[PDB]
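Student: Residue numbers (the deposited numbering), protein chains in the order written: chain A, 1 to 52, 52A, 53 to 82, 82A to 82C, 83 to 100, 100A to 100C, 101 to 128, 134 to 213; chain C, 106 to 111; chain B, 1 to 213. Each residue gets a CB set at the ideal place from its N, CA and C atoms; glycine is no exception.
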Amino acid sequence: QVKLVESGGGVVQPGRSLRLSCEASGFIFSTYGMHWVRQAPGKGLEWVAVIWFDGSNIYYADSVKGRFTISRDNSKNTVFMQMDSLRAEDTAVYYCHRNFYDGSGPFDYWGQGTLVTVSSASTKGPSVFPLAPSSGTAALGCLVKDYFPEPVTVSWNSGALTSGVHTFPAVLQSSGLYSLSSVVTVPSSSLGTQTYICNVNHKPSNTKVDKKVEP
Amino acid sequence: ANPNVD
Amino acid sequence: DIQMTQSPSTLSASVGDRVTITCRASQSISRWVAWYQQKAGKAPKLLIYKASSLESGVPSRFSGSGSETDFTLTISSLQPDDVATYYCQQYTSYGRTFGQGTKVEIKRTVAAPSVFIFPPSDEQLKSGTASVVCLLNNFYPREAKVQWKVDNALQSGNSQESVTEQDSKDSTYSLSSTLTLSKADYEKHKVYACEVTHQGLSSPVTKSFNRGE
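1. Counting beta carbon pairs with one atom in the segment 137 to 148 of chain A and one in the segment 175 to 182 of chain A, are three or more of them shorter than 8 Å?
2. Check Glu161 of chain B in the structure and name its three-state DSSP category.
3. Using a Cβ-Cβ cut-off of 6 Å (strictly less than) and excluding sequence neighbours within five positions of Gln39 of chain A, which residues of its own chain qualify?
4. For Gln105 of chain A, decide whether its Cβ has a neighbour in chain B, counting only Cβ atoms nearer than 7 Å.
5. Which first and last residues belong to the alpha helix (DSSP H) in which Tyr194 of chain A is found?
6. Can you grab the Cα-Cα spacing for the pair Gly118 of chain A / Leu175 of chain A, in whole Å?
7. Below 9 Å between beta carbons is the criterion; list the residues of the segment 28 to 43 of chain A that meet it against any residue of chain B, in chain order.
8. With a threshold of 7 Å between beta carbons, is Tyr91 of chain B in contact with chain C?
9. Ignore the nearest five residues each way along the sequence and tell me which others in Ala34 of chain B's own chain have a CB closer than 7 Å to its CB.
10. Mind pulling the chain C residues with CB within less than 7 Å of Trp35 of chain B?
11. Taking C-alpha atoms, which residue in B:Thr10, B:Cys134, B:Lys183, B:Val58 lies nearest to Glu161 of chain B?
12. Measuring CB atoms only, is the segment 181 to 191 of chain B touching the segment 202 to 213 of chain B, in the sense that at least three cross pairs come out at less than 8 Å?
13. Using the Cα positions of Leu138 of chain A and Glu213 of chain B, report the straight-line distance between them to the nearest angstrom.
14. Counting contacts by CB-CB distance shorter than 7 Å, is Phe96 of chain A in contact with chain C?
15. Using DSSP with H/G/I as helix, E/B as strand and the rest coil, what is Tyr36 of chain B?
16. Rounded to the nearest angstrom, what separates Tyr194 of chain A and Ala112 of chain B at their Cα positions?
17. Which chain A residues are close to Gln100 of chain B, counting only those with a beta carbon under 7 Å from its beta carbon?
18. Short of 7 Å in beta carbon distance, which residues of its chain neighbour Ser82B of chain A, apart from the five on each side in sequence? Order them along the chain.
19. Whose Cβ in chain A lies nearer than 7 Å to the Cβ of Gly95 of chain B?
20. Taking 7 Å as the threshold (C-beta atoms), are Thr68 of chain A and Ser21 of chain A in contact?
21. With the cut-off set at 7 Å, would you say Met82 of chain A and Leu18 of chain A are in Cβ contact?
22. Short check: CB of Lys183 of chain B to CB of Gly128 of chain B, under 7 Å?
23. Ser120 of chain A versus chain B: which residues are under 7 Å apart at the beta carbon?
24. Roughly how far, in whole angstroms, is the beta-carbon of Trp148 of chain B from the beta-carbon of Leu179 of chain B, given that I think they are within contact range, below 8 Å?
25. Counting only beta-carbon separations shorter than 7 Å, does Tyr87 of chain B have a partner in chain A?
26. Considering only residues of the segment 144 to 194 of chain A, which uninterrupted beta strand (DSSP E) runs meet the minimum length of 3 residues and lie entirely inside it, listed in chain order?
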């Protein structure tokens, strides 16, 4: 089917440059256009740029005019956005987006977004610690501590365990590094038979940790 | 008329 | 370009209530308005297009109306799964502009939290730091107080909280409070306890453990 995959996010120093790409699958970019839409943390959606399938009809929002450059690969089904002179206000999740309307109905698709962090800090992979179930139902979890920048994705048993999972929003510590915990409630009947592993992914630092949680 | 419609 | 003005900014209502959200365009957009729903941590989803038509899969309780400059999104029967932020959008031309968004919260009955305490892991103690986590699970309303006691000494400046968004089915919250100390300062005291007060609890519930048992 249709999928849009953004890549290129991570930390970038203020005043420096960063290149985003969006790979489009399940359709040919031979009609209509492609959009970039960004969302600052806790803020609203903001359309940023558009490009047509043939490179024409390029428009930018006033907030990024003269700094962002949208373009498409003439050889592949991929669109790019070069982002120069980045400032703190540019920190946002950046979504690749495609929308049009036919007699068949609406065609509206979004990537999962990539987080650009405009910061003077360095990238740091996290450490993963188990929240062991101790002395009805029992709760266990994983503490993902001291990482920068966001985000960190956490799953349990490679996504086979979802019910009762609470992965809390990250918290900015005194050190300036992020930390979060993901917890899950299970019946204490299963602590002796079922294995519980949290899968932690920090893409900006190429960190993939599988941590088994034991009583 | 609309560039996103038909 | 065309400016979109959305209201209200935030609203809370009960299950089954009618929710009304309005958008204004700075100039005529005919009926080229769409309404998007975005839930916590996920990408936006198209709900309404051409002011009034529903995207595939959208429940019938979502409706839209309006033309030219004034448009309205209506949820005829607010459900816990509708807790999200909603955005209007015009698509008259090649670009887009969104409204500021309306966060929709839901009201429900009081639910007391289940409190769990987690001692610091031994691998973190080998790393040189110590974190004590206290978990408040599936409660309403959001307002709660978590007090950290170390040998019955109240703490301040060394704990941080995080709260999930309302659950998509029962609309409760869950909260985590993390007491972060140095390994040297942790191996000092004996008893670590988190005291929790909440409207659903008759008296403050305390979860405690002794260091190294």
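Tutor: Based on what the coordinates show:
1. yes
2. strand
3. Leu45, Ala88, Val89
4. yes
5. Where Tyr194 of chain A is concerned, there is no enclosing alpha helix (DSSP H), given that its DSSP letter is neither H nor E.
6. 10 Å
7. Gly33, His35, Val37, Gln39, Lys43
8. yes
9. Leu46, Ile48, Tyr49, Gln89, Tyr91
10. Residues of chain C passing the Cβ test: none, with the nearest at roughly 16 Å.
11. B:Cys134
12. yes
13. 18 Å
14. yes
15. strand
16. 27 Å
17. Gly44
18. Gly15, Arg66
19. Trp47, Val50, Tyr58
20. no
21. yes
22. yes
23. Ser127
24. 5 Å
25. yes
26. 151 to 154, 163 to 165, 176 to 185
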